[PDB]
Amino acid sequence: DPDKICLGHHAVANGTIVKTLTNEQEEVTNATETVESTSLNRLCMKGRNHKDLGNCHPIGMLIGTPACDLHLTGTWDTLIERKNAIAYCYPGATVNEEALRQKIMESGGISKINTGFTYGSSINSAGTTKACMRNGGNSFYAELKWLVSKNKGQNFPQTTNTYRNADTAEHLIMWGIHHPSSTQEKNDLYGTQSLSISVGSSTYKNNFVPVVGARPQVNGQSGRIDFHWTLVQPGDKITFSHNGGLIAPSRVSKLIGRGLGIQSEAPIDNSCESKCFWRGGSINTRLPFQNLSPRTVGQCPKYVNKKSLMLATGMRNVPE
């Protein structure tokens, strides 16, 4: 029995199983997770000049719906949209609704510019309705004007308005067209004659004839006001020749800068910081991968079809 020295290595009782190139049940001493499964149910907004719209819908704040009074202008780096958001108090739909919505959510602020659209004595520029309630009473969209005749019954005059883009950047201009759903309502507001609404810039052109038919009643209104939009470039005009029916703009919007567009139901939290978001909330994690959702925004871990992927942090566990 000579003197002996033995080389050896450590081990553990609670060894973890990992996958290797050759072995699917390889036991190592320690390991750590690479796919994140936990998610906070709260929009982490520390170090972020954010804007929670809440009731308001992104399109809404260009036209000026009652719900978007707080959000008509302002600058931000993040913009949060909620479910079932009110874009239209008076019923109707925007053509290229989705393109408009994306461009607003992509922006980092809104500035309003006045059109300077004056109207004659025979026109009633301050027309209102019971659908869009502001301060508990009849009203209309803030950034538009419902143009009807002053005397009930008479014809609407052939007037023409024109906005000049004096700014060095592009402006977004919007306008509605009243589809009245009644020949009685069409005549006593606008006139008996056939109405024609023409729009035209250097880059855009279109003609609009108000169709009339009994549409289903929503918000207590059978008629419709369908909106259309375009971008007026720097140094360009845009004309609005109309013989009644038009809802012209009093103000035009300028989407300024860049910002993150988040769609989620979860609430704000201004104590926590994060850079990855999704419908269910925030993903504040150091890990490279995740299995919460494929639809995320900002600086995110990559989505993988894996519950777990264990990365070995130690040698083979060989117990006695």
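Note that residue numbering begins at 1 and tracks the sequence as displayed.
- Per the PDB record, of the two stretches 22-30 and 259-267, 259-267 carries the greater mean B-factor over its C-alpha atoms.
- Stretch comparison (163-171 versus 208-216) by mean CA B-factor in the PDB entry places 208-216 on top.
- By the numbers in the PDB entry, the CA B factor is greatest at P180 among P180, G109, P249, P234.
- As recorded in the entry, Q193 carries the highest CA temperature factor of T75, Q193, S202, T239.
- Per the deposited record, the Cα B-factor of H50 falls in the middle third when ranked against the other modelled residues of its chain.
- Among all modelled residues in this chain, the alpha-carbon of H57 has a temperature factor (C-alpha) in the middle third.
- The PDB entry assigns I63 a C-alpha temperature factor belonging to the middle third of its chain's modelled residues.
- Ranked by Cα temperature factor within the chain, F117 sits in the middle third according to the deposited record.
- In the PDB entry, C272 places in the highest third of its chain by CA B-factor.
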